[PDB]
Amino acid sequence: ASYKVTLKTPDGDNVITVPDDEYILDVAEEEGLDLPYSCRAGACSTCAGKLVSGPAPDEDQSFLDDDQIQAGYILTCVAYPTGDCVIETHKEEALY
């Protein structure tokens, strides 16, 4: 219902709180932050995150995007937080 997620972005460690029915960037943006994205669809790599800590955000959404959620690589434009969490957020320079 409202997991405290921390994003370790360029500039600092900001901590948002996102409801479980809200994509992590939907929130992130409303707060007034960036993460780079394209498609808004999980169609690509641009808004790629890395889970530091936490569960795993239900990413049963954004997929055709190379089967490595597992690496901790999560796609922020189509992510549902499942609990409390920390995530690195500028992350295509891993994926390639």
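Counting begins at 1, following the sequence as shown.
- Per the PDB entry, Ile87 shows the highest C-alpha temperature factor of the residues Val18, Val15, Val78, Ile87.
- Ranked within its chain, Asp26 lands in the lowest third, by CA B factor from the PDB record.
- In the deposited entry, the Cα temperature factor of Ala56 places it in the middle third of its chain's modelled residues.
- The deposited CA B-factor of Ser45 belongs to the middle third of values across its chain.
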